[PDB]
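The form deposited in one PDB entry is given below as one chain in structure tokens.
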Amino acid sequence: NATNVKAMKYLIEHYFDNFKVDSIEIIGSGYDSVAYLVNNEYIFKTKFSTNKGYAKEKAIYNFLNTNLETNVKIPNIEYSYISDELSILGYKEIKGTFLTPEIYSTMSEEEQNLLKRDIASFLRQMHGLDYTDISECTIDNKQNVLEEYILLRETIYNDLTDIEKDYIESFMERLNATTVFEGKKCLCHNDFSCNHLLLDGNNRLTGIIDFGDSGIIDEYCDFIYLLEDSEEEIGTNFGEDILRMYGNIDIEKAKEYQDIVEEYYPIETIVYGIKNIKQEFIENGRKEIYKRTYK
């Protein structure tokens, strides 16, 4: 804790000429990024060159702060340093409380409705943007999967068990037959889970964070976690109601999209291990396949 902080404090003061760090703590971290709360006021997201990166995420905040009309707050980048080896983004902390299942379950039916409407409204407004000015930020999930499958075949596929091969081939057979990638494309948050949603003191949606995976992609993408059944998310009904409020979207296909992405998760986990040379992820993903096969 103590050492990571000193180094990042040094980097921040070094790259941002007249920035003075009076206080700094770790507020979150991914597997290859670390985020810091600085002076109790600024968030600094940092990364040391991975498979990235923060350049796109920055272009997206910039695009959205220009074009979104909404009361919902999102990061607004005041500081950035972007290089092959290091990336830093700084912005003012959005104040509020993160949505969780526990909190949601204490809200009145009406409070829940208003939150749902708030979310549907935000997504409607974002998905409706003319994305010409950010048109290079496209993402083809189907193609990505096909490329990832090829990487598997080039690396470890022949060393997998039959059970693991059957799981993978069965998924690919499903990927080939589905129609859920042939629909509307638009700008999506693309990691729209409740740990990125902030509430104000009335339990209304006040902010949204981490547009780091955002891009022009299937409209169905932004409902993947809203429809998820798990300890981390609220539940399938929450996503269903939001889809109804959002309107003009095939709910059964959104679910199919979500179900396919869930099926893919162990393979994605394996592929991450291969790409980043981390055996731990290769083994986790393979083990998850056995757990899914025996449910």
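Superpose the two forms; the largest set of C-alphas matching within 1.5 Å is the rigid core. In this text, residue numbers run from 1 along the sequence as written.
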item	value
Other entries lacking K52, at least a third	yes
Unresolved deposited residues lying between neighbours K52 and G53	1 to 3
Between the two ranges 166-174 and 115-123, the one averaging a larger CA B factor in the entry	166-174
Stretch with the greater mean C-alpha B-factor as recorded in the entry, comparing 133-141 against 209-217	133-141
Maximum C-alpha temperature factor, selected from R204, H189, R153, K92	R153
Ranked C-alpha temperature factor of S33 among modelled chain residues, by third	middle
CA B-factor ranking of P75, expressed as a third of its chain	lowest
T46 CA temperature factor, ranked by third within the chain	lowest
Assigned third (lowest, middle, highest) for the C-alpha B factor of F98	lowest
Chain-relative CA temperature factor third for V180	middle
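Missing here is the form deposited in another entry; even so, the following discussion is about that form.
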query: Core-superposed C-alpha of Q258 shifting 2 Å or more between this form and the one not shown; finding: no
query: Threshold 2 Å Cα movement between this form and the one not shown for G30, core superposed; finding: yes
query: Threshold 2 Å Cα movement between this form and the one not shown at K58, rigid core reference; finding: no
